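Student: I'd like to ask some things about the structure below.
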Amino acid sequence: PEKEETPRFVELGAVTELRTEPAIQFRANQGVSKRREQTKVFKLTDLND
Amino acid sequence: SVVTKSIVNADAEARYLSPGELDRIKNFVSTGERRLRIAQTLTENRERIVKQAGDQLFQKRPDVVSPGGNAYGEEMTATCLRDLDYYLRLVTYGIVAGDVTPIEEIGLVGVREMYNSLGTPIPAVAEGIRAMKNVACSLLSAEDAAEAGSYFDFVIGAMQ
Amino acid sequence: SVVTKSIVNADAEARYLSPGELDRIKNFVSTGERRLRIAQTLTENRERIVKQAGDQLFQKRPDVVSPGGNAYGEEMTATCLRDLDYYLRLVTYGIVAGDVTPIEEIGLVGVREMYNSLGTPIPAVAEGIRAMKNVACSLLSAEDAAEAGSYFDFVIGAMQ
Amino acid sequence: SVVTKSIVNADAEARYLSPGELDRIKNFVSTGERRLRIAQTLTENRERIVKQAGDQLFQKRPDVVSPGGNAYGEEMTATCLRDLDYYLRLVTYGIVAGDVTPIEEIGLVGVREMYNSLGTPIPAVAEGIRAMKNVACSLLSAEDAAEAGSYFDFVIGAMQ
Amino acid sequence: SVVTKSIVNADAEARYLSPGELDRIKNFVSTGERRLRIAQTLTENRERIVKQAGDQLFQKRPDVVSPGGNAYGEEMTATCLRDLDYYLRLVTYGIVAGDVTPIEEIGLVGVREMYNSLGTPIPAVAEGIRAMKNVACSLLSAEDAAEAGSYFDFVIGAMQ
Amino acid sequence: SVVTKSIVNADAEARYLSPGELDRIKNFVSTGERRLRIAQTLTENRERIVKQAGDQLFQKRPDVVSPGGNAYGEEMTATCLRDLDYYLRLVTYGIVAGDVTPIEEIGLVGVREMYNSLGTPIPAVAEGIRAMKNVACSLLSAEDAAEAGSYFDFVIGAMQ
Amino acid sequence: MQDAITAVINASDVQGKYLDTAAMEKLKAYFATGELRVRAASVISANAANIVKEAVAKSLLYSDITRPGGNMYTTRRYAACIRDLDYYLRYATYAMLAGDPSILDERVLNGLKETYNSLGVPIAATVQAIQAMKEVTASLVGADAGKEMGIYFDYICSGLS
Amino acid sequence: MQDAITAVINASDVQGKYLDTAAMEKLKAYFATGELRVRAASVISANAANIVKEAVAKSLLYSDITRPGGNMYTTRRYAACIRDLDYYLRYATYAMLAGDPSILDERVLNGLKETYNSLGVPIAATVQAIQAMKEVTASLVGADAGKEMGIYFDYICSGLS
Amino acid sequence: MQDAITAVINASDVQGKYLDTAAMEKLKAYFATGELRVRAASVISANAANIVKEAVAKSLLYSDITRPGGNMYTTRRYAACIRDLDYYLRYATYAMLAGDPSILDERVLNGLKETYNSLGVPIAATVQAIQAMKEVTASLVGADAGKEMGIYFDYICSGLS
Amino acid sequence: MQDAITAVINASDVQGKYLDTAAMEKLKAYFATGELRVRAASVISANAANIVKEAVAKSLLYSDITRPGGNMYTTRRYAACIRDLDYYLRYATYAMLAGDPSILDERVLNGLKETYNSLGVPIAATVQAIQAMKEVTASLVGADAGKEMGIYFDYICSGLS
Amino acid sequence: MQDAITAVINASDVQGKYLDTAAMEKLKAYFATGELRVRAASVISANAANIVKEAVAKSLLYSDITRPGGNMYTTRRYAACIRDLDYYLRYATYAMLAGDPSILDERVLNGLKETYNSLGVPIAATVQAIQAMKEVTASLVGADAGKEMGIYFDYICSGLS
Ligand SMILES: *[C@H](C)[C@H]1/C(=C/c2[nH]c(/C=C3N=C(/C=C4\NC(=O)C(CC)=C4C)C(C)=C\3CCC(=O)O)c(CCC(=O)O)c2C)NC(=O)[C@@H]1C
Ligand SMILES: *[C@H](C)[C@H]1/C(=C/c2[nH]c(/C=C3N=C(/C=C4\NC(=O)C(CC)=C4C)C(C)=C\3CCC(=O)O)c(CCC(=O)O)c2C)NC(=O)[C@@H]1C
Ligand SMILES: *[C@H](C)[C@H]1/C(=C/c2[nH]c(/C=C3N=C(/C=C4\NC(=O)C(CC)=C4C)C(C)=C\3CCC(=O)O)c(CCC(=O)O)c2C)NC(=O)[C@@H]1C
Ligand SMILES: *[C@H](C)[C@H]1/C(=C/c2[nH]c(/C=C3N=C(/C=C4\NC(=O)C(CC)=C4C)C(C)=C\3CCC(=O)O)c(CCC(=O)O)c2C)NC(=O)[C@@H]1C
Ligand SMILES: *[C@H](C)[C@H]1/C(=C/c2[nH]c(/C=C3N=C(/C=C4\NC(=O)C(CC)=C4C)C(C)=C\3CCC(=O)O)c(CCC(=O)O)c2C)NC(=O)[C@@H]1C
Ligand SMILES: *[C@H](C)[C@H]1/C(=C/c2[nH]c(/C=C3N=C(/C=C4\NC(=O)C(CC)=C4C)C(C)=C\3CCC(=O)O)c(CCC(=O)O)c2C)NC(=O)[C@@H]1C
Ligand SMILES: *[C@H](C)[C@H]1/C(=C/c2[nH]c(/C=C3N=C(/C=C4\NC(=O)C(CC)=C4C)C(C)=C\3CCC(=O)O)c(CCC(=O)O)c2C)NC(=O)[C@@H]1C
Ligand SMILES: CCC1=C(C)/C(=C/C2=NC(=C\c3[nH]c(/C=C4\NC(=O)[C@H](C)[C@H]4CC)c(C)c3CCC(=O)O)/C(CCC(=O)O)=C2C)NC1=O
Ligand SMILES: CCC1=C(C)/C(=C/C2=NC(=C\c3[nH]c(/C=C4\NC(=O)[C@H](C)[C@H]4CC)c(C)c3CCC(=O)O)/C(CCC(=O)O)=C2C)NC1=O
């Protein structure tokens with residue numbers, strides 16, 4: 001029969017910890033504040049607009 | 001996503017969402033089913049896309065899998081394919097999100113710095129993603145393929 | 001217009017129009033027929049929309065047309081209906097444009113300053129435009145009325 | 001309610017409620033407690049009342065429940081019992097109301113058309129209501145049986 | 001709660017829950033539905049319990065509602081009636097929880113200090129709660145009344 | 001399975017499944033969820049059971065692992081532990097299937113021949129499976145452990 | 001239209017369940033109120049014309065509305081104003097006895113505001129007159145009856161404005 | 001004879017894998033739908049004679065096959081036909097219970113086409129009869145289990161074809 | 001800041017998995033409810049000032065707080081109070097549009113209780129005010145959208161507590 | 001300290017309402033799940049030593065941490081490390097039995113950060129160790145109970161980090 | 001910034017008149033050509049790098065200007081020159097999409113002469129180069145689109161001159 005094994009690349013990039021809501025809430029919001037990219041910067045590019 | 005970008009841009013100006021933005025999010029909402037379908041196709045054929053696109057990449061860049069290349073050997077070539085798999089996953093995220101923000105933040109800010117630390121060639125990573133785009137387009141219909149191909153195009157453009 | 005606003009944002013970030021932005025430009029141009037049809041209905045019924053809605057405004061706010069009020073006398077009431085006429089015209093322009101930047105550019109930047117200088121009550125002007133919106137609902141089919149209603153919504157919201 | 005029927009007549013007459021009409025409303029007010037008690041008895045003995053009525057109706061017309069009959073089979077027989085239960089609940093509502101107004105709007109307008117469409121036999125339904133009337137007279141006081149029998153009788157006549 | 005009390009004791013003993021303590025938790029789990037129904041009927045008859053028991057209390061202790069008493073004046077009497085409602089509420093919580101932990105935490109701890117400052121006689125408060133226990137007993141079956149009565153008994157004993 | 005056992009017995013006599021046979025199938029399908037859970041615990045802990053049971057087998061029967069024994073060296077001790085894993089897998093199949101037919105077909109018909117050809121001592125294999133049974137009982141709850149223990153017991157009996 | 005009893009019956013039919021204890025006490029509240037309702041209705045019919053006269057005298061009579069160019073400054077206009085007030089009063093008395101606002105919604109308050117607006121009759125003037133009629137009616141009917149009549153008349157006035 | 005449960009475990013055995021999450025999902029599906037399968041099996045068991053009767057009537061009676069010079073002519077041959085139709089029904093019910101067509105393959109279809117070609121039995125008429133049974137049993141057992149039965153009845157039809 | 005789609009893809013990214021079928025479910029549900037969200041946002045954008053106006057009148061006016069010595073007294077503090085209500089309503093519409101409460105926690109409720117305690121603002125009174133806003137905004141948007149607005153107004157209330 | 005029941009009644013107490021039907025539904029759900037919780041606690045209490053042993057072996061052993069100068073080197077520190085792991089597992093099962101994480105935050109994670117920083121304990125190594133505990137205990141108690149033990153273990157991880 | 005629609009409605013606004021049928025005709029004409037404008041924009045967006053490269057090679061390269069002392073010499077100067085050509089092409093595509101020259105006139109052309117003269121950048125060479133860009137972009141987009149683009153390129157040329 002066909003062997004039907006997983007490829008190695010699946011295993012290499014698979015997290016095997018069964019993360020749950022507290023872990024996902026933390027591990028998704030780890031790092032510098034998202035307001036570094038969730039902001040806007042204003043410029044007086046054209047006095048006419 | 002489009003919704004979060006609109007909310008961010010409006011919060012900075014302290015303005016409730018203008019009708020110009022509200023129609024944009026309404027459009028994205030309406031085409032959501034097609035977007036989910038495209039992503040579902042890509043995740044179904046995750047393993048085929050990565051496998052054969054990687055084979056194309058190694059065919060066009062034999063130096064990469066040749067001895068002394070970055071992805072030389074069984075485990076090293078698997079990590080190279082793992083990176084391609086990561087970018088496919090980011091592409092599906094971007095497709096359902098409706099913008100390139102998830103792709104940009106998760107995997108294109110400092111991509112050159114990371115790959116130069118690793119010693120990997122950025123143009124060869126770009127060609128691998130190009131091969132993935134070709135395979136994914138073959139698995140999509142013409143309208144579906146061109147809608148997703150733009151996310152692939154953003155990824156390769158940042159790689160360059 | 002949608003085209004000019006998309007161009008402005010792309011100009012700020014120094015990018016040629018994205019494929020999705022190009023799709024939106026194409027879509028707006030194609031549905032321009034429906035846009036023009038809605039505007040044609042409103043300009044066809046300029047007389048009754050202003051007249052009926054203004055009478056509803058006077059009844060809802062008797063104090064504006066009372067003695068010692070801003071609209072006392074037929075001369076002043078004629079000017080008040082003239083203002084409602086101007087705002088309906090701006091709304092038709094906005095429907096044609098597909099964006100509220102023409103409406104804002106012409107008649108919502110500084111309305112508080114102008115009307116307070118005149119002594120006119122800004123909330124009362126908002127309620128008159130609300131009356132115009134309610135009159136518009138009967139004149140326009142349900143699908144059409146939602147499209148025109150959003151422009152009316154922006155006018156009243158800025159007015160308050 | 002009886003008051004509702006009197007109000008409808010008064011509205012057609014374009015006159016305030018007649019003194020005699022108000023007198024009947026007063027009688028309905030007096031009999032509210034007795035009517036509620038009778039309705040409570042019916043609701044309390046609901047399952048047994050319609051169970052016995054169903055047995056009696058199937059005995060009277062065995063082709064309702066026989067092969068080739070409308071209610072042939074357990075599921076359709078249960079549905080027939082539900083239709084009888086709908087009628088029983090309507091009769092309890094009507095006893096509380098003191099008038100035929102509650103029933104007429106529910107199960108006495110167009111009921112012939114609905115039953116003809118589904119295929120159930122209208123005469124057999126009427127007999128089932130009659131069986132309910134007998135069971136209710138058994139389970140109620142003598143004058144309680146008279147009033148409840150009157151409301152039941154209007155339902156039976158409506159089926160005709 | 002049974003769970004919180006068992007875990008408190010086990011925490012002090014620094015032991016994983018003893019098999020017997022787990023067995024008690026199992027039995028509390030199974031009897032929870034009966035507890036919920038008992039609490040349900042108490043809250044459904046909240047109004048009758050409070051007014052009936054309060055009138056019993058005032059008969060038993062006319063001094064409190066007499067002039068020169070704590071509750072004299074409709075407003076003061078009403079606030080005492082509120083206190084009786086509060087304690088019934090705590091008792092319903094305790095019946096659901098399975099222990100006095102919620103009852104004593106929310107109220108009944110600094111009870112003497114609070115009521116000494118307020119000026120009320122705490123034995124008179126206990127008499128009111130006893131009257132509530134009697135009314136609740138009448139509203140419950142003999143088994144159910146025993147379970148609820150124990151929590152009422154704890155409350156009155158702590159008041160004294 | 002139990003479905004197959006019922007169907008085989010029915011086929012032999014050329015009769016539709018008797019009501020008793022169908023009763024057994026209904027019990028088995030209703031109990032299937034707990035069966036799958038028991039099997040899942042064994043599969044999830046497949047490494048612990050084999051490792052600890054292997055140690056117990058090697059303690060109790062040191063001759064097999066001693067030099068000159070069948071399982072001498074890690075090369076051959078690996079094969080012995082693999083066979084213990086085989087029989088754990090068969091037991092999980094049996095728990096899911098509800099019968100010992102999966103175990104007996106795959107790995108109990110001719111164990112005497114197979115192991116006597118490989119030279120392996122069958123009584124020692126039996127000790128290994130008994131050790132697996134004890135370890136699995138530690139992992140499983142008592143009620144579930146009894147059910148899984150039956151399948152382990154069938155295996156040890158077959159190899160005795 | 002609807003009644004208190006009929007509305008509870010409708011709600012029970014929506015729920016799909018036979019008369020509950022909650023249904024029983026809601027109906028019983030209507031049954032208890034019936035005596036007050038019917039007595040007040042007889043009083044309202046007896047003094048109906050006087051009620052209209054008192055209300056307009058208290059609110060709109062001897063005012064600019066009655067004076068020329070005030071929407072009531074004609075014999076026909078004045079008669080129409082009295083007529084509409086009587087229409088509201090009669091339907092309100094109906095609705096008070098019924099216990100539900102469905103009658104007022106179905107007949108009294110259907111398109112009335114739009115018709116009044118297009119005519120030019122002042123909605124605020126009508127609302128003031130309705131409140132004056134409510135005061136007169138409460139006085140005539142009695143304290144308990146006035147509270148219920150206030151609720152029904154309040155529905156009419158609020159719907160008009 | 002091999003169920004869906006035995007099929008799932010045997011496939012995992014061939015791969016040498018413990019029952020994984022995907023195969024366990026297959027098993028969960030079968031266990032969940034087992035109640036419907038069992039009840040339908042009881043229904044067909046009780047009404048076996050009626051199912052065969054109605055099918056023989058709908059497709060085979062009053063035709064060349066029953067008239068002299070046809071296959072079903074003679075009571076011998078007719079009794080054989082109804083016997084074989086019940087065999088097709090009984091084994092289809094076995095297969096529905098199990099969840100696998102292997103029982104049909106091993107016990108019924110293992111040479112059936114050759115036997116019917118040897119005796120001269122009309123394969124087309126047998127197919128018509130089995131499809132008639134499919135219709136009748138769908139009515140008796142309901143649509144939900146009728147589809148599940150229908151796949152196995154179609155299996156027999158394909159094999160005989 | 002997040003939305004429903006961003007939250008789903010971020011959770012999947014944390015677990016290093018392509019979008020699950022359950023994740024696809026959540027995405028579909030958001031898309032199904034999305035157009036309703038957009039319409040509701042348009043409604044309360046138009047009536048934002050009116051919603052604040054009604055809520056202020058219905059709980060914060062003619063009360064000890066707005067009378068001298070009650071914090072809301074003084075024109076400064078009145079302007080600050082109504083501005084805070086506009087903040088709460090605007091961020092509630094942001095949260096409703098996004099389908100996620102992360103905006104409320106990240107930009108509104110972080111440090112808000114600490115600042116209110118330092119300022120002397122009554123956290124209880126602000127909670128009452130925004131619940132009044134919840135009633136008004138529910139009436140304007142409709143029942144379905146009002147539910148959605150409520151699950152974010154209540155979120156703000158809980159943060160204030 | 002709180003329970004699921006205690007949390008529900010305390011929330012209703014804060015609002016000042018007798019237990020609503022929604023509150024009753026929460027309580028009924030906890031009662032339905034109580035047996036499953038009791039089973040899982042019985043399992044890991046028996047295997048507590050094994051869970052700690054496996055987690056220590058999988059992540060904490062044969063590394064610099066347990067070789068000279070590693071904070072787990074020295075028998076006193078090794079005993080302390082395994083004692084902390086049993087602390088974490090015992091309180092995690094307390095929280096699982098309660099159905100509320102208030103136990104963990106009130107007891108386990110009050111200044112635990114600060115103590116470990118003072119002591120020099122590597123927070124990251126402890127988090128890795130209790131992650132290994134989570135894997136072992138999830139396998140023992142099963143999937144549904146494991147995802148309940150998992151959230152409490154991850155709550156402890158987040159407090160440490 | 002202005003476009004075809006903005007120009008039409010602006011002219012009507014100066015007139016103080018609602019949209020005339022002639023104005024609607026002008027809008028219809030712009031809508032008719034908007035389709036071709038979109039695809040031309042897509043084409044030169046993809047080939048923008050090639051277009052600039054080809055024009056630079058055609059006229060700017062292998063000249064004394066890029067030889068030492070020619071002001072295009074030095075890598076910084078070369079990067080600035082191709083940057084300006086990128087600017088001109090991007091603004092040209094914006095104007096082509098809009099159907100109006102307002103963006104060029106205000107965002108680009110004003111002050112550009114003063115800066116170029118002050119810095120010493122050769123305006124004649126820039127005009128020649130953008131002329132070459134115009135030829136290349138016309139070939140890529142097509143003839144009809146090239147007509148649409150070329151007017152804006154010439155507009156920029158006149159502004160520089
Ligand atoms: C690498 C060994 C580990 C790691 C690091 C990591 N760091 C950041 C972010 C920041 N780190 C610093 C620290 C410094 N600032 C300094 O000036 C100096 C030298 C005096 C140091 C060491 C700061 C300020 C930041 C935040 C600002 C920033 O963006 O850099 C991150 C997060 C980056 C982000 O969120 O975008 C990370 C991941 N991460 C690892 O896994 C290693 C163990
Ligand atoms: C008459 C004495 C009784 C009776 C009979 C009845 N029979 C049928 C139908 C069929 N009968 C046969 C019989 C035979 N087939 C054969 O090959 C032979 C031997 C050569 C015999 C005797 C068959 C085949 C049929 C089926 C129809 C057909 O011929 O194709 C019916 C019709 C039943 C139906 O609805 O199908 C009846 C009524 N009925 C009586 O009342 C008598 C007591
Ligand atoms: C009925 C739908 C049609 C039909 C059939 C018919 N069959 C036979 C005789 C035989 N049938 C079989 C078939 C099977 N053997 C099996 O093991 C199975 C599966 C469990 C099947 C289906 C065999 C072996 C025979 C021959 C021995 C016997 O007579 O039983 C006959 C009789 C033919 C004869 O010569 O005696 C008939 C008539 N005939 C029809 O008209 C229908 C269309
Ligand atoms: C007055 C000449 C005009 C006018 C006023 C009017 N005001 C209100 C209501 C309020 N006014 C205040 C004002 C203040 N609060 C302050 O703290 C200070 C500074 C010390 C001032 C001046 C406030 C708080 C209210 C709200 C009600 C309250 O106090 O709780 C009303 C009532 C509005 C309503 O419908 O509720 C009115 C009518 N009205 C006029 O016609 C004049 C031109
Ligand atoms: C109104 C319902 C109640 C009330 C409010 C009140 N608030 C303040 C002052 C502040 N409020 C905030 C809150 C926010 N800042 C924000 O950016 C946001 C959105 C992200 C919120 C919600 C802050 C920062 C301040 C202080 C700075 C400032 O003045 O803006 C005051 C003023 C208090 C003072 O005297 O300085 C008041 C009065 N007051 C009430 O009575 C209501 C119950
Ligand atoms: C040898 C005489 C006996 C024996 C021991 C054995 N020990 C281990 C593993 C460990 N031993 C230690 C011991 C210490 N840690 C300390 O800090 C100190 C004080 C300076 C001591 C003595 C530790 C920490 C370990 C853990 C592994 C590690 O160091 O990383 C093993 C291995 C156990 C295993 O299966 O993993 C063994 C076998 N075994 C015997 O048979 C002797 C009787
Ligand atoms: C060189 C090892 C690689 C390479 C280069 C290559 N360059 C050109 C053309 C030009 N190069 C320059 C460079 C400079 N201009 C400057 O002012 C300075 C600093 C003082 C530098 C370094 C310029 C201006 C040109 C344009 C032509 C010109 O000088 O006018 C070419 C020709 C490209 C063409 O097809 O036209 C090439 C091939 N090519 C390689 O293969 C090497 C890896
Ligand atoms: C344009 C047509 C028109 C007319 C005519 C008109 C009449 C009119 N007459 C009124 C009063 C009145 N009219 C009379 C009339 C009379 N009493 C007598 O004894 C005499 C027999 C008789 C006149 C000769 C009286 C007594 C009142 C006052 C009623 C009161 O308030 O007690 C009023 C109510 C008070 C008011 O003006 O607010 C009106 C409106 N209104 C109109 O719009
Ligand atoms: C759904 C039940 C119903 C309503 C509500 C109704 C109202 C109604 N009021 C009308 C007019 C009118 N209504 C009034 C009434 C008033 N004059 C005043 O000063 C007061 C402010 C006010 C009430 C006290 C007047 C003056 C007219 C116009 C009469 C005319 O000039 O011809 C008309 C136009 C036809 C007419 O002239 O009668 C309608 C249809 N008709 C209805 O069938």
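Every chain in the structure tokens has a letter given in the order shown (A, B, ...), and although residue numbers restart at 1 in each chain, ligands are simply numbered from 1 in the order shown.
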List every residue of chain A that has an atom at most 9 Å from any atom of chain B, giving for each one its closest atom pair and the distance in Å to one decimal, counting only C-alpha atoms, sorted by chain and then by ascending residue number, as a Markdown table.
Tutor:
| residue | atom | partner | partner_atom | distance |
| --- | --- | --- | --- | --- |
| A:7 | CA | B:47 | CA | 8.2 |
| A:8 | CA | B:78 | CA | 6.0 |
| A:9 | CA | B:78 | CA | 4.9 |
| A:10 | CA | B:82 | CA | 7.0 |
| A:11 | CA | B:82 | CA | 8.8 |
| A:12 | CA | B:82 | CA | 6.7 |
| A:13 | CA | B:82 | CA | 6.0 |
| A:37 | CA | B:105 | CA | 8.8 |
| A:38 | CA | B:8 | CA | 6.0 |
| A:39 | CA | B:8 | CA | 6.5 |
| A:40 | CA | B:12 | CA | 6.2 |
| A:41 | CA | B:12 | CA | 8.6 |
Student: Based on the selection just made, write C-alpha atoms of those residues as a CSV table (one decimal), in the first residue's frame.
Tutor:
chain,number,residue,atom,x,y,z
A,7,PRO,CA,6.5,15.2,4.8
A,8,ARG,CA,9.4,16.5,6.9
A,9,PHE,CA,8.5,20.2,6.2
A,10,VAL,CA,5.2,19.8,8.0
A,11,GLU,CA,6.9,18.5,11.1
A,12,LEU,CA,9.7,21.2,11.1
A,13,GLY,CA,7.3,24.1,11.2
A,37,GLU,CA,1.7,50.1,13.1
A,38,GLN,CA,-1.9,50.9,14.1
A,39,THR,CA,-1.4,54.6,14.0
A,40,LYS,CA,-1.4,57.4,11.4
A,41,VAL,CA,1.0,60.3,10.7
Student: Do me a favour and pick out the residues of chain C within 12 Å of chain G, using only C-alpha atoms, as a list in words.
Tutor: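 The contacting residues on chain C are residues 48, 51, 52, 53, 54, 55, 56, 57, 58, 59, 60, 61, 62, 63, 131, 134 and 135 of chain C.
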Student: For the residues selected in the previous step, produce a file with N, CA and C atoms as an mmCIF file, in the first residue's frame.
Tutor:
data_model
loop_
_atom_site.group_PDB
_atom_site.id
_atom_site.type_symbol
_atom_site.label_atom_id
_atom_site.label_comp_id
_atom_site.auth_asym_id
_atom_site.auth_seq_id
_atom_site.Cartn_x
_atom_site.Cartn_y
_atom_site.Cartn_z
ATOM 1 N N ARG C 48 -40.793 69.583 -4.560
ATOM 2 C CA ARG C 48 -41.607 69.026 -3.484
ATOM 3 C C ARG C 48 -40.754 68.582 -2.303
ATOM 4 N N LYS C 51 -40.061 71.790 -0.441
ATOM 5 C CA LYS C 51 -41.279 72.420 0.061
ATOM 6 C C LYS C 51 -41.908 71.596 1.179
ATOM 7 N N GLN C 52 -42.133 70.305 0.927
ATOM 8 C CA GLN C 52 -42.766 69.445 1.921
ATOM 9 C C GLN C 52 -41.894 69.295 3.162
ATOM 10 N N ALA C 53 -40.600 69.030 2.970
ATOM 11 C CA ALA C 53 -39.717 68.830 4.114
ATOM 12 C C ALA C 53 -39.569 70.104 4.933
ATOM 13 N N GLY C 54 -39.496 71.258 4.269
ATOM 14 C CA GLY C 54 -39.412 72.510 5.000
ATOM 15 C C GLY C 54 -40.657 72.786 5.818
ATOM 16 N N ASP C 55 -41.830 72.479 5.263
ATOM 17 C CA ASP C 55 -43.060 72.616 6.033
ATOM 18 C C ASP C 55 -43.061 71.675 7.230
ATOM 19 N N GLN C 56 -42.558 70.451 7.047
ATOM 20 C CA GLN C 56 -42.431 69.531 8.172
ATOM 21 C C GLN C 56 -41.467 70.075 9.220
ATOM 22 N N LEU C 57 -40.378 70.712 8.779
ATOM 23 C CA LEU C 57 -39.439 71.315 9.721
ATOM 24 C C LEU C 57 -40.099 72.428 10.521
ATOM 25 N N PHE C 58 -40.846 73.301 9.844
ATOM 26 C CA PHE C 58 -41.496 74.403 10.544
ATOM 27 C C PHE C 58 -42.482 73.882 11.574
ATOM 28 N N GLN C 59 -43.237 72.846 11.219
ATOM 29 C CA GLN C 59 -44.184 72.267 12.162
ATOM 30 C C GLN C 59 -43.470 71.610 13.336
ATOM 31 N N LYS C 60 -42.368 70.905 13.071
ATOM 32 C CA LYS C 60 -41.639 70.243 14.149
ATOM 33 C C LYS C 60 -40.953 71.248 15.066
ATOM 34 N N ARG C 61 -40.512 72.380 14.521
ATOM 35 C CA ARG C 61 -39.828 73.423 15.282
ATOM 36 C C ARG C 61 -40.543 74.739 15.032
ATOM 37 N N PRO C 62 -41.669 74.972 15.706
ATOM 38 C CA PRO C 62 -42.389 76.238 15.510
ATOM 39 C C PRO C 62 -41.581 77.455 15.906
ATOM 40 N N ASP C 63 -40.604 77.302 16.802
ATOM 41 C CA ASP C 63 -39.887 78.460 17.321
ATOM 42 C C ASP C 63 -39.053 79.150 16.248
ATOM 43 N N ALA C 131 -35.821 65.961 7.611
ATOM 44 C CA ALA C 131 -37.113 65.955 6.935
ATOM 45 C C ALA C 131 -36.950 65.681 5.447
ATOM 46 N N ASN C 134 -36.435 61.957 5.024
ATOM 47 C CA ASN C 134 -37.676 61.201 5.159
ATOM 48 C C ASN C 134 -38.547 61.341 3.918
ATOM 49 N N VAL C 135 -38.629 62.551 3.362
ATOM 50 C CA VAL C 135 -39.345 62.741 2.104
ATOM 51 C C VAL C 135 -38.694 61.925 0.996
#
Student: Would you list the residues that come within 10 Å of ligand 1? Count only C-alpha atoms and all ligand atoms and give the answer as a PDB file with C-alpha atoms, in the first residue's frame.
Tutor:
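selection07.pdb was written with the following content:
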ATOM      1  CA  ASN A  29      -0.004  40.128  21.728  1.00  0.00           C
ATOM      2  CA  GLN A  30       3.648  39.619  22.658  1.00  0.00           C
ATOM      3  CA  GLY A  31       6.102  42.279  21.535  1.00  0.00           C
ATOM      4  CA  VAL A  32       6.080  46.040  21.125  1.00  0.00           C
ATOM      5  CA  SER A  33       2.675  47.682  21.229  1.00  0.00           C
ATOM      6  CA  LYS A  34       0.617  47.236  18.079  1.00  0.00           C
ATOM      7  CA  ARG A  36       3.408  51.195  16.378  1.00  0.00           C
TER       8      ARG A  36
ATOM      9  CA  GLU B 105       3.568  42.212   9.803  1.00  0.00           C
ATOM     10  CA  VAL B 109       9.205  43.418   8.065  1.00  0.00           C
ATOM     11  CA  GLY B 110      12.941  42.789   8.215  1.00  0.00           C
TER      12      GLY B 110
END
Student: What does the list of residues within 7 Å of ligand 3 look like if you count only C-alpha atoms and all ligand atoms, written as a PyMOL selection string?
Tutor: chain H and resi 60+65-66+71-72+76-78+80-82+84-85+87-88+107-109+112+115-116+119+121-123+125-126+129
